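**Student:** Pasting a structure below so you can have a look.
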Amino acid sequence: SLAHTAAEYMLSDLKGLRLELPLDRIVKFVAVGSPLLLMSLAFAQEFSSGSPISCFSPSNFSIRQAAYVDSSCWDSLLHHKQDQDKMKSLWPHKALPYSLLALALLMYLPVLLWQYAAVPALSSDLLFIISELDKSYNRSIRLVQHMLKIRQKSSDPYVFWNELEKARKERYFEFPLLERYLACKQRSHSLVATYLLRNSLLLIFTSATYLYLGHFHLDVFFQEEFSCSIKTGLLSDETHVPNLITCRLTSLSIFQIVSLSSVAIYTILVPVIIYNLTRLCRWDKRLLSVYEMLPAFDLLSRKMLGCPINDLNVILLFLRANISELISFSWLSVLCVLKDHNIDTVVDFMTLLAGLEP
Amino acid sequence: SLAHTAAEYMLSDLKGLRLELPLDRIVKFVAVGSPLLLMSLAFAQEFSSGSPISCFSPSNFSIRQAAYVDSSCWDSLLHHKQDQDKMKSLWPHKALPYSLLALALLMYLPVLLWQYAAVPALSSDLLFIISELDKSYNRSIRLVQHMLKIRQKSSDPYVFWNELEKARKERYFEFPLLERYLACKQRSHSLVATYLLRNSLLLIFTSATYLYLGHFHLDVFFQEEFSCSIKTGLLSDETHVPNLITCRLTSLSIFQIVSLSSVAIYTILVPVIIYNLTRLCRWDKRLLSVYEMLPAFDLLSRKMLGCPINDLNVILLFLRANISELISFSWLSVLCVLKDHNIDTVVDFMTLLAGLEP
Amino acid sequence: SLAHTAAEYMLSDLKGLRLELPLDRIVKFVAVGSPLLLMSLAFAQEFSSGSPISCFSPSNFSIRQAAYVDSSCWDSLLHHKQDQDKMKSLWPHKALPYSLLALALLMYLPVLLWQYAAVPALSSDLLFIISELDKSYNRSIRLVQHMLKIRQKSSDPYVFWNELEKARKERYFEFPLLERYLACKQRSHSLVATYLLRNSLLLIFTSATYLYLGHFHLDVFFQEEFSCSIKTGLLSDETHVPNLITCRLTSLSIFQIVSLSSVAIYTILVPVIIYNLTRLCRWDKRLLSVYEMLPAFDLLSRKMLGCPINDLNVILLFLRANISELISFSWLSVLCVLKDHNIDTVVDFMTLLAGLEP
Amino acid sequence: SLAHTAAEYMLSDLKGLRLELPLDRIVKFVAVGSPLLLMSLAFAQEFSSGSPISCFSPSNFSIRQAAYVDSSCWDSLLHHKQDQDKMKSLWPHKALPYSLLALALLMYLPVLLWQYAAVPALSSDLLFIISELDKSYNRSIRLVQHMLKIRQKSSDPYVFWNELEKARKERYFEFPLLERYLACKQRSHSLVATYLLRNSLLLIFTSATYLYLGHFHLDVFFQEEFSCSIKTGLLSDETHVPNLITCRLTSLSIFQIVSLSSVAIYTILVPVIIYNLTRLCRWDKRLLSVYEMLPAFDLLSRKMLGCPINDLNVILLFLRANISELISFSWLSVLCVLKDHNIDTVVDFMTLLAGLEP
Amino acid sequence: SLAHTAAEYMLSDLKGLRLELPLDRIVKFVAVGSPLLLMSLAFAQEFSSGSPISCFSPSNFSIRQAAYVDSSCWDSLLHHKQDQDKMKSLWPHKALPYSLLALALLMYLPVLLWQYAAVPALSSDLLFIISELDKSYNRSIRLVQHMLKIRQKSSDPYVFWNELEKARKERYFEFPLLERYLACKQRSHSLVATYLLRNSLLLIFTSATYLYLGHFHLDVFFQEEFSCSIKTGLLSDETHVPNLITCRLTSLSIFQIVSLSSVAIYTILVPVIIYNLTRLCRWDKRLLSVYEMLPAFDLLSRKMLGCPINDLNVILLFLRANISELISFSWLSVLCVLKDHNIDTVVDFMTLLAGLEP
């Protein structure tokens, strides 16, 4: 089956970076695999089909007179109703899996755009930021051994501030590339377009699916029988039934169940992407209180003004998911205690000797 | 078969950490594989089905007159009983494997939530704890060579306590990150929600399965025959049997055996998850006696107060399964001898020379 | 076939330890694989079955009139004997492989209990014992170079006993952890329960198999023909044979051969597990004579008193199978010469220079 | 299926170099895989064909009289219309997949020419250029430690220009192989021929496909029935139907859908290659402003004159895609800040201490 | 097929030791694979069987009247000859592959006993012997550098014997563990029992196969036709043929060829195992002449007395196959020149400088 190859290349399972949101991953998985699951269920295994169209041939017909009967109607699904001569065609019945696979291949386009048009630049930017930030750490670790003996023999404030103010006017304190780079990117407005188009494309795809199920479906839904004609051409000069009646389709139940499953999964899926859109309409300040005290993280919370549709918002949202990898997963995450000061000076007097790590 | 692909991705077989309990693994395996096993057994291999519905056509009928007979009833399972005109439908018979596969895919949702919503944070926390603990060991191994010559030439107490009390007021004795981190996590209450929801979801799934087997099953259980009608439409203007009687279904035995197997496995499975729930309702203190003497493990047994529903309980339960990997599998596990003191001083006088290992 | 997957996970082929007895391995292999072998032989390859039920339809019947004949009896195996109206059913014939696979999955439960409820604790205990014993060796090898020059220039007894008695009152001679650990385990009585239940479970399983072959089998054993009825319902208003006679089953020979094979293999298998049970009813003292002279092995033979149902007996039995791995496979195994003394002093005078090994 | 082998060798997935453009990759993928996808869909899985030609045999015909009827027309598709005697043949119907596979194998020829006639020379040239450029870096890194102490204690201009002008008249400043090599290649005109032929070949292939669908298709598009003759030879001395009427083809819907899919994909594909052609008609100067200040990159922007059809244009286009691999992905990409000076001297005073990297 | 699994586990392809003789390997391979080869050839591929029993039904019989005819005789192979009423049964025809697979599984029992009851002890013994022998080499290599300068400046005999006689009364010359171990094993008589039983078991198996082919075969060998009866029960009250004549079996040629192949392979196989038995009835002294001069190998040839049925004979036979692995494959194998002395002293004067190897 081609489904094996599709799963082999499509949906088959830098160097540590998380570039895609978990909710985006979930919605991608459901929207991509569900058409494939309906594909596998409808035609294979469960319902051994054989001939999806079944007919009532007259008794006088031989073997492949009736074989022509049965084989000339599946490709010519047309209801010659007596009500003039409106041949109602039954193309949705033979087009169900075709539309399913077309929808499945259509669902993956936003992934293509998000993975080709935005991944390389974002990955390069995050590679630069991780390089500068681990350099920021190893240029700051050198302060924990300068503060193991001089930090002890002095009366608290005039060594917790005298060296801190000396470090304040010292190069290691500031991170100039950080503010300049963050400015040069926050003024940019290119990455938000990819996000908005990647969401709107799947939204309009869902709308098109709704229209497809509303127009071409919902009309032949309780009809399981139709009358065809064999002398719709040169057969007229023959002595047999003038109208081949009751071509019964066998997969009406599968038709109904796949239609209801498709409509239900998309009804339950729609609100999630709307929530994803609304995630970008506000500035996140859940933990802004602790970010304003740290030297490097002060700049992140400082540039919180104006309309929130900026590349800085997207960068921050993707950084919060990567703020706990192996090294940023530190006192930062441990700092759940200052969400409720001269006492903290002697508390961090001991903590600086506690963050020795290796 | 799609079962091959499902087994290829679903249920197919950090860096050493055990994140899932063995009993959870067993219940997951049974609840996930058993629907698949019934799926494979019911339709394939064992019972070569052919046509699951069999009918008694009149003798005058030709080949595909009777083929229409046999093919127009499987999709139209309706009992036109003479008792007005209550068409009892037989949709459970054709919906058995559909419900089976839906239940199989439904069973895996709690695994999804437990593996996406809690695994990364817990794995990061355990990575931090293992890093700090192997550092705690290699900052404590340095005491076994300071105690190879000074430990020998003194009269026992005033070198088994004089150096120990000197080590007591020494930095290597205490583990400040341990108490601060353990506090910052024991006050948290986020991880227990994932556990309780992961259990309650499978519980309500089992309840829904019971309701499904109670309402839609247990009604057509001894019925193997029903009468259908062919002139339920435009067939009325034909000269044949007015009522097509005795559409006999062939898979009644498979129906019964799969129903009984499903109900029995879930009856035998229910109490295990209840036991898993009750595991979190009490504080485990089986070996608390030996934990109170060790320096680092004293804090673990010290914070045993109040209601036991805390993230600390879950962390401890997952740590006891990981307390014997390669290094914590040491004197700790060997210390099965103090579960029944100045003599132990000369016993551990020899033991400190016995724990040289490399 | 599912048999491939079962062999892939079930029965498919620490770090050197032998945790399972060879006789237990043999009985497990025969009791687990034999149902699978009968499964593979009965239904596949050898006897191409086709339709296990064959019927004699009347000549007037068309193609699938007789197809309904043949397909409505396999699922409705009931003998409407003329002797009132005792419908004797033939469910064992269609339940043979179901009972076979149920028995196959049932046979593996004692393995599950023995591998989950006792393996981790026993493995940890043996890991501790091997660590302490190879330490016992490398703290005793240091005696073969102290005895290369002082051992030579003295008149035999007053250096073969003067140093030995000095070593007797020396720390390296005794192994305190050994006696204390052996006491703390010999007083325990938990591991013997797992052994007794693992044997009794397979014993009662064999008894249940005997009951199954005695009640449901041995009754339809020479019957290859039975008469069914088609008008056991709404067929009554039809003109055909009132009683469909001679539904002949084709797999009677396979039925008989599989029944005899199953009963014979279990008759030949029963005494082995009884022998395994009787192995624990006595204290093994075959080589106790050589164990009483060695320092560490003296304690093993010293605690031979009282009723033999103790965890010490099981530990000793599993140790005798592991006493010849790579290092305990030494002079111990070589000491087959003292099973038939001042001469041995000069014999071991040369042997201590012979056990230099590396 | 041979499709598996074709995918195994064709389209199946130096040392880091990117030799093919992403848009070229996309157009290659669509133009190569789409015929294969239509191949797999048309004949396999979806539409279980059986006999693509179906006929109406007379009732008196026996089994393989009508088998000869059905088998002697698929290979002899000829419409003996009464309108003299114009036998219209139906060879497109049996030639659809043959033409599909021929087109699929034809599409890959431009890839063959582009991969054999231009890849080795271009790869060697880029290997030489990467060797000389990483040498250019490691002969320029030596300037960041000569400027760590002498760079500090002087009044800005007379050390930011005195050493720079001394470095200006110093060997490390210039890259003689660069200008000489770039001249020796920019005067060459061999590589542009491969590009233009690789595009024009697929263009004329698309034109030929359009002609094929315009002449041999679009004529038998609504015809599903034709009359053949059996006595078109030695059958004339037989008593049967003089003209075998109504040979109905079953795959008309597949014919129509594959034709429309092929024409639509090529209509949507045509403009992309035209855009690729127009990419080479202009000189790219988007970031020429920053290239004119750098020493080595000044020569790249200096030779921008005359008609743009040169090998230098192709080399530059393939270099811009490779300008961000691991080392050229540096301050170059970071230099997004000078696209909107004595202040920059003190800004780069700090930046030279910021580009220490390892 | 189960043959794939059997080959996967049975016959599918310490740490260098050769524990099984090549002739034993050959006879095992032929005796184990030949039944499997006949199994694969008889039923699969070559002769597409279908129905191994074929019957002549009367013309009036319908489809599955004759299907009952054909299906009720394969399981009821009984010749109702007119000669009273001796029903000759034809069970060998349906029991051929059953007996084949039983014989195949029976052939492997001697391998089981030889691999479980003797392999561990022999492997441990050879591990000890290889450890002591490579120690014997590296305690003897030290003589080739003591004899590089003192060996040169002396008049031959009084340094080729003066040091040799000094080495003669030196510890390195003798190997005490060798004579003591060899005595302790040569007096033992346990391993020869395993060899004799492993040969006698296959001998009696071959005798049983001969009896099986002599009694149950050779009687129905030219009979291809037999007459059965359908009214051997409740069929008597029916109007049809009183005796169903000429049930012709189709696999008589396969029967004959498999019987002849089986008897021929065992006739050609019998003498080899007799030769293997006779191998142990004599003491091998082909190269005893060179063994009596070497120090360690003198003891091997010294204990050649009495009846040859001893464990020492088996140990020597398995050692001669392992005497050329990597180190014993040395001058030993090179010493093919002393099978046809003061001249050899100056020949080995140069040879000791020639055996420097690394």
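Here chain B follows Swiss-Prot, giving residues 2-14, 25-94, 98-354, 360-377 in order.
Structure determined by electron microscopy, 4.5 Å.
For all residues, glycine too, the Cβ spot is worked out from N, Cα and C.
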**Student:** Consult Swiss-Prot and report the residue, out of B:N71, B:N152, annotated as N-linked glycosylation site.
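**Tutor:** Swiss-Prot annotates N-linked glycosylation site at B:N71; the rest carry no such entry.
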**Student:** Is the transmembrane segment (B:268-288) packed against any residues at least 6 beyond its ends, judged by a Cβ distance under 8 Å, and which are they?
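**Tutor:** Residues 34, 37-38, 41-42, 45-46, 49, 52-53, 58, 106-107, 110, 114, 213, 216-217, 220, 223-224, 227, 231, 235.
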**Student:** Mind checking how the topological domain 'Cytoplasmic' (B:135-215) divides into helix, strand and coil residues in DSSP?
**Tutor:** 57 helix, 0 strand, 24 coil
**Student:** Once the chains shown are all counted, how many other Cβ atoms turn up within 10 Å of the Cβ of B:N71 (N-linked glycosylation site)?
**Tutor:** 11
**Student:** Within the same chain, where does the topological domain 'Extracellular' (B:237-267) have neighbours whose Cβ lies under 8 angstroms from its own Cβ atoms, ignoring anything closer than 6 residues to its ends? I mean 6 or more beyond.
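**Tutor:** Tertiary neighbours of the topological domain 'Extracellular' (B:237-267) are 53, 58, 60, 62-69, 80, 83-84, 87-92, 102, 104, 107.
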**Student:** If you run through the topological domain 'Extracellular' (B:237-267) with DSSP, how many residues end up as helix, strand and coil?
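**Tutor:** Tallying H, G and I as helix, E and B as strand, the rest coil: 5 helix, 10 strand, 16 coil.
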**Student:** Under a three-state reduction of DSSP output, how is B:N71 (N-linked glycosylation site) classified: helix, strand, or coil?
**Tutor:** coil
